[PDB]
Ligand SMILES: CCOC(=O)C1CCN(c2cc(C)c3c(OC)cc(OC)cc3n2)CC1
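To begin, one chain is listed below as structure tokens, in the form deposited without this ligand.
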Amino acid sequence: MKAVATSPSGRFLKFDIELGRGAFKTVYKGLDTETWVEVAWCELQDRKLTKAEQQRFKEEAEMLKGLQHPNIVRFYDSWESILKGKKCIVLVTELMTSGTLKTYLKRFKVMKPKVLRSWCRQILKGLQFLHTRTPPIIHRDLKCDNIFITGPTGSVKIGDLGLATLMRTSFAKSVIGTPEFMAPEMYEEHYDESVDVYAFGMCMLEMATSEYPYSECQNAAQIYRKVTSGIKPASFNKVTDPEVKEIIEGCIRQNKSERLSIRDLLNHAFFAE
């Protein structure tokens, strides 16, 4: 008999089918044996966490189960197990197979202005939802590659919330952090939800320009110099819509105190609906 893995409740079953593999995370196809709907069985492990960091990892993953929002990926279950002699986190999520904003831009080359306005508003809705939880949830790792879509003319859903919690730790932040999207205060000890606004601005810039922000830079230190010197990414001057350009500028300001808030963005006339 083959050993088949299950959730502690027995509801979710793991397939021996690997869907994706990255740092700290391997995604397998799974099955809800009660509804007979296929899911994503995500196994997370950061072997360099301390005991207190792993425990916080376990607790933050378990809080994802209670999240229910149209623009957040659905996280059905979570528990702590062991993998290769050390603890790991399993995270069962809805199966996203329709691509991301990244694969969307690579497929359709450019994003039409009405699509950008609609999907950017939905990202702000999801971030507003995360920021108003108890305790508040900071994404810390928002990028076009982890904003999933339900279809070419569907909705967006913020994902990879389990992996994103590892940005709070040293080793993982240097491995999975995308410096082009990270606000400058993320290289300090303490920061707040304004880093999600900064990353949102870079997502909006990438959507508005169909290119990688700060692609002209070679490493994080180069980007950090430009950001802290008030030097915008070169793609910023390719934004054709002056209203979109004004919103991006307000989101990627180097000083957090001058940065626009989520409430300011949703109350902006561009996102009025």
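One rule holds for the numbers: they count along the sequence shown, beginning at 1. Take the two forms, find the largest set of C-alpha atoms that superpose within 1.5 Å, and that set is the rigid core.
- Of the other compared PDB entries of this protein that include residues on both sides, all give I123 atoms, none of them, and so not a third, leaving it without.
- For the cut-off of one third of the other compared entries, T150 stays well clear, since all of them model it along with its flanks.
- For the set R225, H69, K29, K238, the PDB entry puts the maximum C-alpha B factor at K238.
- Each of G126, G162, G201, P135 has a CA temperature factor in the record; the biggest one is found at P135.
- Sort the modelled residues of the chain by CA B factor and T209 lands in the lowest third.
- Ranked by Cα temperature factor within the chain, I247 sits in the highest third according to the deposited record.
- Per the deposited record, the Cα B-factor of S78 falls in the lowest third when ranked against the other modelled residues of its chain.
- Among all modelled residues in its chain, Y104 ranks in the middle third by Cα B-factor.
- Looking at the C-alpha B-factors along this chain, the one for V110 belongs to the highest third.
One more form of this protein should be noted, the form deposited with this ligand bound, which is absent from this view; the next part is about it.
- Candidate site formed by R117, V244 and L265: none of these residues places a non-hydrogen atom within 4.5 angstroms of this ligand in the deposited bound form.
- Here the chain stands alone, but in the deposited bound form its contact with this ligand, taken as any heavy atom within 4.5 Å, falls in 85-93 among 106-114, 199-207, 85-93, 121-129.
- At least one heavy atom of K25 is located within 4.5 Å of this ligand in the deposited bound form.
- Contact annotation: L161 falls within 4.5 Å of this ligand in the deposited bound form, judged by heavy atom distances.
- Shown alone here, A183 lies farther than 4.5 Å from this ligand in the deposited bound form, counting heavy atoms only.
- Although the partner is absent here, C42 is a contact residue: one of its heavy atoms lies within 4.5 angstroms of this ligand in the deposited bound form.
- Contact annotation for 63-81: residues with any non-hydrogen atom within 4.5 angstroms of this ligand in the deposited bound form are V73, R74, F75, listed in sequence order.
- Only one candidate in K87, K125, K102, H131 has its Cα displaced by 2 Å or more between this form and the one not shown after core superposition: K87.
- With the core held fixed, the Cα of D46 is displaced between this form and the one not shown by 2 Å or more.
- The rigid-core alignment places the CA of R259 less than 2 Å apart between this form and the one not shown.
- In this overlay on the rigid core, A221 has a C-alpha that sits 2 Å or more away from its partner position between this form and the one not shown.
- In the deposited bound form, the Cα positions of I138 and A23 lie at least 3 Å farther from each other than in the form displayed.
- Between this form and the other one, the CA-CA gap for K48 and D160 narrows by 3 Å or more, being smaller in the deposited bound form.
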